[PDB]
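Everything below concerns the one structure shown next.
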Amino acid sequence: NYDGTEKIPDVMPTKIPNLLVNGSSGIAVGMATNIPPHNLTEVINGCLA
DNA sequence: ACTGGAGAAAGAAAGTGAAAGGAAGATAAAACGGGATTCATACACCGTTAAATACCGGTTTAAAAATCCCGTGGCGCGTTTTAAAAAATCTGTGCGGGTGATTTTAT
């Protein structure tokens, strides 16, 4: 952490494709993102395919 | 007596709180105009007949149509203005993580 007295995970070991099913939206310097949500069953079927 | 700093007086310029009023808005009461019923009453449709009008044959004649000469103003051309519509260019705004700040009451 900032004081060097704790530990924080670098990334989560997720079982869910969260990015596609929930989307995202943010504004940065020189760029931006905009992603719509989706349906979980269709994403799972696509991953299996 | 003279000098230079400092404090106090006096005077002039700028900011101020309050000002009728008037065009510019805003809000209600009123007069209006457009639908649903309800019939009595005048209007639409059907047989009959005297009468008023359309039609044919032949004149005519006075009025309107046709023709010629001319002298103009009313359209036509070329070149400018001027609004009107269209294309181009600016102005706000909200989505989600970040930085920093404000106010009123009771005992």
Side-chain angles (χ1 to χ4, degrees):
Chain A
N1 62 334
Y2 54 93
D3 284 339
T5 59
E6 296 285 349
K7 290 294 184 178
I8 301 178
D10 182 71
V11 73
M12 292 298 185
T14 173
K15 287 184 172 62
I16 314 296
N18 187 28
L19 182 63
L20 283 180
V21 303
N22 274 332
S24 179
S25 179
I27 308 175
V29 179
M31 58 187 62
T33 175
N34 208 20
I35 300 178
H38 291 79
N39 189 88
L40 185 61
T41 305
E42 303 176 4
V43 178
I44 295 297
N45 294 333
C47 293
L48 292 178

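A note on names: the letters A, B, ... follow the listed sequences, proteins ahead of strands, and every chain is numbered from 1. All heavy atoms count here, side chains included; hydrogens, waters and symmetry mates do not.
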Original post:
Got a minute to check which stems DNA chain B is part of, using Watson-Crick or G-U wobble pairs under 3.5 Å, three or more consecutive?
Top reply: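 Stems for DNA chain B, defined as runs of 3 or more consecutive pairs: none.
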Subject >> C1'-based separation of B:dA26 from B:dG22 [nearest Å] >> reply: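 15 Å, rounded to whole Å.
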[X] [atom1] to [N] [atom2], straight-line distance once rounded to whole Å:
| X | N | atom1 | atom2 | value |
| --- | --- | --- | --- | --- |
| A:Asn34 | B:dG94 | CG | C1' | 13 Å |
| A:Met31 | B:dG96 | CE | P | 21 Å |
| A:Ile27 | B:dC95 | CD1 | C1' | 6 Å |

Subject >> Neighbour count >12 (heavy atoms, 6.0 Å) for atom CG, A:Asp3 >> reply: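 Yes.
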Original post:
Which pair of non-hydrogen atoms, one from A:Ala32 and one from A:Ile27, has the smallest distance, and what is that distance?
Top reply: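 Reported closest heavy-atom pair: CB-CA, 4.4 Å.
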North or south sugar for [N] (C1'-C2'-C3'-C4' positive means north):
| N | value |
| --- | --- |
| B:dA31 | south |
| B:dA26 | north |
| B:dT103 | north |
| B:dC46 | south |
| B:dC32 | north |

Contacts under 3.5 angstrom, residues 35-49 of chain A side chains, donor-acceptor by atom type, not counting sequence neighbours:
residue : atom : partner : partner atom : Å
A:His38 : ND1  : A:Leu20 : O            : 2.9
A:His38 : ND1  : A:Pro36 : O            : 3.2
A:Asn45 : ND2  : A:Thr41 : O            : 3.2

Subject >> Ring-centre distance below 5.5 Å and interplanar angle below 30°, B:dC95 vs B:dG96 >> reply: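 Base stacking for B:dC95 and B:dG96: not present.
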Subject >> Anti versus syn assignment for B:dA36, with syn defined as within 90° of 0 >> reply: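 Anti for B:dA36; the angle lies over 90° from 0.
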